[PDB]
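Student: Residue numbers (the authors' numbering), protein chains in the order written: chain L, 1 to 281; chain M, 1 to 302; chain H, 10 to 250. For each residue, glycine too, the CB sits at the ideal point set by N, CA and C.
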Amino acid sequence: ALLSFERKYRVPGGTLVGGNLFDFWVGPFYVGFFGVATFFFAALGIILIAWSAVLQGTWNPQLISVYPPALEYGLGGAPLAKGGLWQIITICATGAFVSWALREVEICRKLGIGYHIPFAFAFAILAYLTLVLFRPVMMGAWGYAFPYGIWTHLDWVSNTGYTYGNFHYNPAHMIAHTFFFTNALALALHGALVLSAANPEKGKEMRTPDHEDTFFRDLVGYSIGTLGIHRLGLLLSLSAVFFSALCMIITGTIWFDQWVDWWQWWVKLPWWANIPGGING
Amino acid sequence: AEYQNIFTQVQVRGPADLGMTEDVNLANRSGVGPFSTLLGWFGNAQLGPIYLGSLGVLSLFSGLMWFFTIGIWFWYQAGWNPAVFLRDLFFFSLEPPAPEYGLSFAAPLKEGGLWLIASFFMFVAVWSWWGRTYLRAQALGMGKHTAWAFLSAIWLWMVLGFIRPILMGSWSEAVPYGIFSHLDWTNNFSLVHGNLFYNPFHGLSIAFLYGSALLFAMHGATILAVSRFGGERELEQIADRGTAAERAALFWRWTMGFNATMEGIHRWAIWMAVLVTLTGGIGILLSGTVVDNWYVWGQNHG
Amino acid sequence: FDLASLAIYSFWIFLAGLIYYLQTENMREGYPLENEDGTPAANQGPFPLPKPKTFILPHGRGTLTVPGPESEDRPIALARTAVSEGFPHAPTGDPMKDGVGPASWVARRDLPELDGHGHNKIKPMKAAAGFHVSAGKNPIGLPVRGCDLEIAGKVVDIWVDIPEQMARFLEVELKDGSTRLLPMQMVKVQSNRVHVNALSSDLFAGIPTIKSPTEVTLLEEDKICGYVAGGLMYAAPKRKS
Ligand code: BCL
Ligand code: BCL
Ligand code: BCL
Ligand code: BCL
Ligand SMILES: CC[C@H]1c2cc3[nH]c4c(c3C)C(=O)[C@H](C(=O)OC)c4c3nc(cc4[nH]c(cc(n2)[C@@H]1C)c(C(C)=O)c4C)[C@@H](C)[C@@H]3CCC(=O)OC/C=C(/C)CCC[C@@H](C)CCC[C@@H](C)CCCC(C)C
Ligand SMILES: CC[C@H]1c2cc3[nH]c4c(c3C)C(=O)[C@H](C(=O)OC)c4c3nc(cc4[nH]c(cc(n2)[C@@H]1C)c(C(C)=O)c4C)[C@@H](C)[C@@H]3CCC(=O)OC/C=C(\C)CCC[C@@H](C)CCC[C@@H](C)CCCC(C)C
Ligand SMILES: COC(C)(C)C(=O)C/C=C(\C)CC/C=C(\C)CC/C=C(\C)CCCC/C(C)=C/CC[C@H](C)CC/C=C(\C)CCC=C(C)C
Ligand SMILES: CCCCCCCCCCCC[N+](C)(C)[O-]
Ligand SMILES: CCCCCCCCCCCC[N+](C)(C)[O-]
Ligand SMILES: CCCCCCCCCCCC[N+](C)(C)[O-]
Ligand SMILES: CCCCCCCCCCCC[N+](C)(C)[O-]
Ligand SMILES: [Cl-]
Ligand SMILES: [Fe+3]
Ligand SMILES: [K+]
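#1: Give the residues of chain H in contact with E2 (chain M), contact being defined as C-beta atoms less than 8 Å apart.
#2: Taking 8 Å as the threshold (C-beta atoms), are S152 (chain M) and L286 (chain M) in contact?
#3: What in chain H is Cβ-close to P118 (chain L), meaning under 8 Å?
#4: So which residues of chain H does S227 (chain M) contact, with C-beta pairs closer than 8 Å?
#5: For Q77 (chain M), tell me which candidate among M:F229, M:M122, M:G178, M:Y51 has the shortest Cα-Cα distance.
#6: Assuming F229 (chain M) is part of the beta strand (DSSP E), what are its boundary residues?
#7: Which residues in the same chain have their Cβ closer than 6 Å to the Cβ of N44 (chain H), if we skip the five residues on either side of it in sequence?
#8: Taking just the CA atoms, how far does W262 (chain L) sit from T253 (chain L)?
#9: Identify every run of the beta strand (DSSP E) within the region 68-133 of chain L, keeping only runs that are complete inside it and at least 3 residues long; order them along the chain.
#10: Would the region 222-240 of chain L and the region 193-213 of chain L be scored as touching if the rule is three or more Cβ pairs under 8 Å?
#11: Pop quiz: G233 (chain L) and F216 (chain M) are said to be a contact at Cβ under 8 Å. What is the actual Cβ separation, rounded to whole angstroms?
#12: Counting Cβ pairs closer than 8 Å, one from the region 229-245 of chain H and one from the region 91-111 of chain H, do we hit at least three?
#13: Using only the alpha-carbon positions, how far apart do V75 (chain H) and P121 (chain H) sit?
#14: Distance check for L42 (chain H) and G27 (chain L), CA to CA, integer angstroms please.
#15: Terminal residues of the continuous beta strand (DSSP E) containing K62 (chain H)?
#16: Suppose the cutoff is 7 Å on Cβ atoms and the five residues either side in sequence are ignored; what does the same chain contact list for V274 (chain M) look like?
#17: Tell me the rounded alpha-carbon separation between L156 (chain M) and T160 (chain L).
#18: Using a beta-carbon distance cut-off of less than 7 Å, what residues from the region 65-81 of chain H approach chain L?
#19: Check whether chain H comes within 8 Å of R136 (chain M), counting only Cβ atoms and requiring the distance to be less than that.
#20: Measure the alpha-carbon distance for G113 (chain M) versus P276 (chain L) and round it to whole angstroms.
#21: What does DSSP give as the partner residues of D11 (chain H) in its beta bridges?
#22: Could you give the distance in angstroms between the alpha-carbon of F140 (chain H) and the alpha-carbon of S221 (chain H)?
#23: Comparing alpha-carbon positions, which option in H:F10, H:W21, H:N35 lies nearest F258 (chain M)?
#24: For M20 (chain M), go through chain H and note every residue whose CB falls closer than 7 Å to its CB, in chain order.
#25: Skipping 5 residues on each side, what residues in its chain have a beta carbon closer than 7 Å to that of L236 (chain L)?
#26: Within 8 Å, do at least three Cβ pairs link the region 16-35 of chain L to the region 89-102 of chain H?
#27: Whose C-alpha, out of L:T15, L:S4, L:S196, is nearest the C-alpha of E106 (chain L)?
#28: With distances taken Cα to Cα, identify the nearest neighbour of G220 (chain M) among M:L204, M:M262, M:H202, M:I163.
#29: Taking buried to mean at least 16 other C-beta atoms within 10 Å of its own C-beta, is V54 (chain L) buried or exposed?
#30: Along the chain, where does the beta strand (DSSP E) containing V194 (chain L) start, and where does it finish?
#31: Counting Cβ pairs closer than 8 Å, one from the region 226-234 of chain M and one from the region 238-245 of chain L, do we hit at least three?
#32: Can you determine whether any heavy atom of ligand 3 sits closer than 7 Å to the C-beta of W263 (chain L), and answer yes or no?
#33: Quick test of your reading: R10 (chain L) and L140 (chain M), contact by CB under 8 Å. State the CB separation rounded to the nearest angstrom.
#34: Hey, does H98 (chain H) have any beta-carbon neighbour from chain L nearer than 8 Å?
#35: Applying a beta-carbon distance threshold of less than 9 Å, which residues of chain M neighbour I167 (chain H)?
#36: Less than 7 Å separating the Cβ of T277 (chain M) from some heavy atom of ligand 5?
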């Protein structure tokens with residue numbers, strides 16, 4: 001298993017830890033110390049989950065669910081079958097992700113490329129952790145965190161959401177949202193532009209970046225450019241996930257009432273608070 | 001402080017670029033706009049030119065005719081009072097006909113006759129603007145991707161405001177024009193239908209939306225990382241594959257066991273994103289028309 | 010047997026075909042797979058090669074047809090370090106000079122990339138009509154410093170992308186009076202110098218040279234970009250902190 005151009009790149013070096021010990025491949029996969037780190041953390045995790053599945057007495061993926069220790073146990077540990085398993089698995093998953101990232105930093109180094117991929121990943125890792133570590137620890141219990149199950153974690157979302165009314169009203173969530181919808185729009189567009197250039201009307205020549213720049217300038221009066229759009233996707237993406245963490249770190253900590261109500265700060269401003277008419281008085 | 005390529009270090013400007021000709025009627029292209037040094041740090045510095053045919057001018061007009069229709073009803077709701085207007089801006093709303101006016105155009109102005117006006121103006125602006133995306137690609141001899149992909153977004157929008165209201169028998173089902181109020185309509189929709197977390201199309205719509213954020217993040221970062229070999233020059237790497245294209249494919253191969261080509265990745269992108277509103281629009285269309293409660297449906301047809 | 014139950018089953022199928030299409034589409038390059046010795050690997054995975062497609066390149070530069078017969082079109086100076094599949098392959102010489110590893114380069118076309126009008130994409134700014142620095146520190150005339158913290162030369166021009174209007178290279182003059190190109194993306198322009206971490210002062214002459222002094226070819230870009238990038242690994246003996 002090698003891509004036809006692959007061999008020249010498979011040189012020794014790059015590794016962050018272990019010298020050359022785990023400096024090798026298995027099929028397409030690069031290993032690394034953090035390949036081993038990953039496999040360990042990953043296997044032990046799936047092993048505890050497969051077990052928590054029998055202490056719960058079920059072998060269906062749509063039903064398996066590993067809940068955090070209930071609000072009682074605080075920020076302390078818990079006997080396995082009613083808590084601890086979650087905690088250990090959560091440790092395992094953080095192990096597994098951080099390892100994966102560090103492994104990518106190793107692949108980066110061997111390839112002479114920059115760190116932009118595992119840097120981006122670190123934003124997803126931080127989002128996870130926000131929900132399972134930073135939010136709970138600030139709030140006082142592993143119980144506020146989400147359970148590990150397909151449909152059960154959606155329950156937690158709906159239940160956490162509705163605890164503060166219609167969650168839409170969270171302003172940081174409002175921002176994060178905008179970024180998810182923009183990033184998708186940019187994705188749709190970017191993909192289409194490049195393909196519309198490489199795959200022109202039957203019989204015609206491949207178009208150029210100038211045709212890309214022109215098409216947009218025609219369409220909207222602007223064009224961000226083949227460097228820009230790649231800077232842009234990355235910004236919309238990470239920005240979405242940034243405000244995602246923000247919107248949830250501030251919910252149940254600095255603000256814990258109905259989100260809709262926060263918006264009265266604007267309405268109850270001196271110079272218009274008591275003017276007659278409109279929707280508010 | 002190794003450089004990263006998120007911001008430009010030295011901008012460079014030459015003669016304003018009037019862009020490729022092919023079959024474009026140049027009489028309709030305008031003159032170059034100014035030059036944003038600001039924008040320049042991230043992407044292109046050159047504002048304009050912009051094409052503006054008859055179709056384009058129709059679109060731009062009726063788009064504003066929509067926008068204003070909403071705005072004048074927002075002023076009426078404020079009692080024509082500047083301070084009230086600004087205080088309550090998110091709170092105003094232009095709602096559609098009550099359920100009793102059915103699908104008719106009879107409804108009094110002040111009770112959603114006005115909504116139907118702005119909506120008509122909207123329908124015109126979007127569909128005209130759609131053909132605009134096709135025609136600009138035709139003029140330059142390029143593929144129809146942009147227009148195909150835009151239609152997928154139009155699908156959801158068509159379903160929310162037009163197709164689903166037609167199928168359900170009334171205009172009342174359709175989204176109101178208003179910031180806080182359309183947000184409420186969203187939450188309401190979910191409640192009335194058993195919770196959309198039980199709509200398998202809503203789940204997919206989500207998978208892809210998250211996926212769009214995953215992919216564009218992966219991709220965007222990949223290019224920047226291989227931009228030290230002119231990675232961003234994607235079209236030419238398709239035509240004559242470079243080390244940039246190779247070390248890219250290989251980062252991913254070595255990490256996750258498979259990979260993309262410099263053309264292919266963009267097919268991944270366009271489909272990922274398009275499938276958000278594709279599945280989305282199906283999910284919405286089925287709601288109310290065929291399935292009244294998604295929890296219930298979920299229990300039977302598992 | 011209601012509509013929604015159909016639509017969803019219908020989708021899950023569609024999707025698998027799409028994934029198939031997509032995955033075959035992404036096999037137009039680097040496939041069929043190979044053993045470390047270049048013979049076709051026995052095992053090619055579940056997905057078959059697609060039907061070839063043919064791009065008509067502009068400016069009568071020909072066509073490209075993918076998938077197509079695929080060779081490296083260059084010697085690769087590496088030898089195995091183990092008795093079985095899947096271990097690192099050692100540089101049989103100087104990896105920078107040989108262009109292997111992070112110093113790797115692809116045998117792309119030995120012509121320059123052309124704009125939409127058939128004019129060279131990349132020109133030195135001096136021969137680019139009406140092009141000037143418009144923001145941020147003008148690097149021209151700054152001393153260039155290698156990771157070893159010695160002066161390696163001086164910026165003597167910027168090579169710009171015309172249709173896109175951006176810096177792509179700094180042309181740098183060495184002790185001996187010849188110039189090299191350095192990628193914009195691998196230099197840090199500072200208020201009193203340009204710093205280059207990838208290379209040490211002594212490795213600058215080693216940078217591949219261009220044959221025509223007012224244009225650069227796709228193959229010359231790869232050799233240039235490759236060399237410098239590889240410096241991040243191979244120059245490490247000389248890097249400070
Ligand atoms: C998916 C289910 C809901 C929905 C759920 C949400 C949620 C949830 C949120 C929004 C938010 C927004 N939605 Mg909504 N939204 C829906 C469909 C729409 C449609 C439409 C034509 O169908 C429109 C025009 C809008 C408009 C808006 C904006 C108020 C805002 C940001 C747009 C965006 O992020 O996209 C990307 C678009 C661009 C990058 C282009 C720029 C678009 C700008 C904003 C122009 C639109 C006109 C705008 C209404 C004018 C502002 C008023 C001025 C102060 C005068 N929504 C559907 C029906 N929408 C967010 C918000 O902050 O609300 C207050 C938010 O949190
Ligand atoms: C009823 C529910 C409420 C609601 C309440 C909430 C709540 C509660 C939350 C959100 C969150 C979000 N909501 Mg909200 N949300 C509502 C309405 C909306 C609407 C809408 C149109 O109506 C939208 C678009 C959104 C969108 C959003 C985003 C801002 C955010 C989800 C993305 C995210 O955080 O990713 C972050 C990404 C991750 C955490 C992914 C982690 C990936 C990790 C690092 C790696 C995984 C590896 C894994 C093991 C893979 C296995 C590999 C395979 C084996 C190969 N909400 C309704 C009103 N919303 C969440 C948020 O902001 O998060 C901080 C959140 O907690
Ligand atoms: C981010 C805000 C909320 C949240 C809100 C939602 C909502 C709302 C929805 C989902 C849905 C999903 N979420 Mg969730 N989700 C959260 C955090 C997670 C985490 C995590 C480790 O943090 C994971 C792994 C998942 C995983 C999932 C998938 C089961 C599903 C598809 C998402 C997707 O395609 O993303 C983009 C990623 C990819 C395209 C890459 C592929 C990722 C694969 C598919 C996920 C592997 C999960 C696997 C089945 C089990 C993991 C354990 C293994 C045994 C190792 N969610 C948090 C708590 N998630 C949807 C669903 O249908 O669920 C019923 C849905 O509607
Ligand atoms: C509590 C509220 C409900 C809920 C109710 C709904 C409803 C209701 C809907 C969604 C929909 C969606 N929800 Mg939900 N949603 C919930 C919770 C979530 C959560 C979460 C974290 O739990 C997430 C991540 C989401 C996310 C999503 C999206 C995946 C999906 C929106 C598709 C889209 O991209 O539309 C954005 C794209 C468009 C709207 C297309 C419009 C394009 C038009 C043509 C543009 C017009 C331009 C206009 C003229 C403006 C011009 C201005 C210019 C600047 C000049 N919802 C809960 C269960 N959600 C939508 C869906 O498809 O459902 C399956 C939908 O209808
Ligand atoms: C499915 C993938 C995503 C997507 C794709 C998508 N959208 C698209 C496309 C594609 C592929 C296009 O090709 C098309 C486009 O042109 O791209 C830039 C478009 C588009 N999607 C848009 C928006 C949009 N996309 C959204 C989402 C999405 N579209 C999906 C997430 C949303 C959301 C999340 O709701 C929005 C709001 C537009 C940028 C454009 C469609 C524009 C259109 O139909 O034109 C209407 C025309 C007008 C002139 C109206 C303007 C009215 C006012 C906003 C003007 C305000 C100015 C005023 C303050 C000044 C007054 C001064 C006076 C005195 C003169
Ligand atoms: C930062 C913006 C977006 C992003 C970026 C991003 N993701 C990334 C990367 C980047 C840059 C990678 O490089 C990496 C990758 O390899 O991409 C293919 C990755 C990745 N992001 C992934 C998924 C993912 N990303 C998500 C989101 C996002 N990732 C953001 C939107 C989501 C969402 C939205 O929910 C998911 C599901 C993976 C495909 C991959 C990470 C692979 C990895 O870390 O593998 C190591 C670990 C394992 C193989 C197994 C761990 C299992 C055990 C420890 C136990 C299970 C954990 C438990 C928490 C399960 C949860 C239960 C659920 C049902 C809720
Ligand atoms: C400063 O004040 C002035 C006056 C200058 C202004 O102009 C200010 C203006 C404003 C402040 C207005 C701001 C506008 C908004 C807040 C708009 C809010 C709109 C949304 C949030 C849009 C939500 C989604 C809309 C949808 C889903 C629309 C669907 C449209 C349908 C597809 C079209 C249906 C067609 C119909 C009803 C007509 C049918 C009849 C035929 C004959 C075809
Ligand atoms: C009603 C929505 C239709 C969506 C169809 C999918 C379009 C995505 C673009 C795929 C490219 C293939 N094509 C047809 C342009 O050659
Ligand atoms: C084009 C990339 C394809 C990736 C799609 C990933 C599928 C996620 C499956 C989530 C399950 C959705 N649901 C609710 C219907 O079960
Ligand atoms: C098992 C067969 C299922 C059919 C689904 C196939 C997915 C269609 C892929 C779109 C093809 C795009 N194309 C070739 C027209 O450009
Ligand atoms: C949503 C992501 C879909 C993942 C499925 C990708 C299938 C991988 C098969 C590619 C072939 C790999 N290999 C090494 C045999 O060539
Ligand atoms: Cl930077
Ligand atoms: Fe791209
Ligand atoms: K000049």
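Tutor: Straight from the coordinates:
#1: Per Cβ cutoff of 8 Å: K197, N206.
#2: In this structure, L286 (chain M) keeps its C-beta atom at 8 Å or more from the C-beta atom of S152 (chain M).
#3: Simply none; closest approach about 16 Å.
#4: Neighbours of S227 (chain M) in chain H, taken as residues whose beta carbon is under 8 Å from its own, are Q194 in chain order.
#5: Selected option, being the one with the closest Cα: M:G178.
#6: Bounds of any beta strand (DSSP E) do not take in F229 (chain M), whose DSSP letter is neither H nor E.
#7: Cβ within range, chain order: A50.
#8: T253 (chain L) and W262 (chain L) have their C-alpha atoms some 14 Å from each other.
#9: Fully enclosed beta strand (DSSP E) runs of no fewer than 3 residues are not present anywhere in the region 68-133 of chain L.
#10: With a cut-off of 8 Å, the region 193-213 of chain L and the region 222-240 of chain L count as touching, because enough Cβ pairs lie within range.
#11: Indeed, because the Cβ distance is near 4 Å, the residues count as touching under 8 Å.
#12: Yes, since at least three Cβ pairs between the region 229-245 of chain H and the region 91-111 of chain H fall closer than 8 Å, the two stretches touch.
#13: C-alpha separation (whole angstroms): 22 Å.
#14: Answer to the nearest angstrom: the Cα atoms are 11 Å apart.
#15: For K62 (chain H), the enclosing beta strand (DSSP E) stretches over residues 62-65.
#16: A149, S152.
#17: Approximately 28 Å, taken between the alpha carbons.
#18: Residues passing the 7 Å Cβ filter: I65, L66, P67, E79, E81.
#19: Residue-level contact by beta carbon fails for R136 (chain M) and chain H, as no gap is shorter than 8 Å.
#20: Between the alpha carbons of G113 (chain M) and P276 (chain L) lies a gap of roughly 27 Å.
#21: Residue pairing by DSSP leaves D11 (chain H) without any beta bridge partner.
#22: Near 21 Å, if we compare the C-alpha coordinates of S221 (chain H) and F140 (chain H).
#23: Sorting H:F10, H:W21, H:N35 by C-alpha distance to the C-alpha of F258 (chain M) places H:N35 at the top.
#24: Those are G125, listed as they occur along chain H.
#25: The residues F179, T182, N183, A186, in chain order, have a CB closer than 7 Å to that of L236 (chain L) in the same chain once the five nearest residues on each side in sequence are set aside.
#26: Here the region 89-102 of chain H lies against the region 16-35 of chain L, with 3 or more beta-carbon pairs under 8 Å apart.
#27: For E106 (chain L), the closest alpha carbon among the candidates L:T15, L:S4, L:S196 is that of L:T15.
#28: Among M:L204, M:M262, M:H202, M:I163, the Cα nearest to that of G220 (chain M) belongs to M:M262.
#29: Within a 10 Å sphere around the beta-carbon of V54 (chain L) sit fewer than 16 other beta-carbons, which makes this residue exposed.
#30: Here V194 (chain L) belongs to no beta strand (DSSP E); instead the alpha helix (DSSP H) covers 171-198.
#31: No, the region 226-234 of chain M does not touch the region 238-245 of chain L.
#32: Answer for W263 (chain L): no, Cβ out of range of ligand 3.
#33: In this structure, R10 (chain L) and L140 (chain M) do not form a Cβ contact; the two beta carbons are roughly 42 Å apart against a cut-off of 8 Å.
#34: By the rule that beta-carbons nearer than 8 Å mark a contact, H98 (chain H) touches chain L.
#35: Correct list: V10, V12.
#36: Yes; taking the cut-off as 7 Å, the Cβ of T277 (chain M) has a heavy atom of ligand 5 nearer than that.
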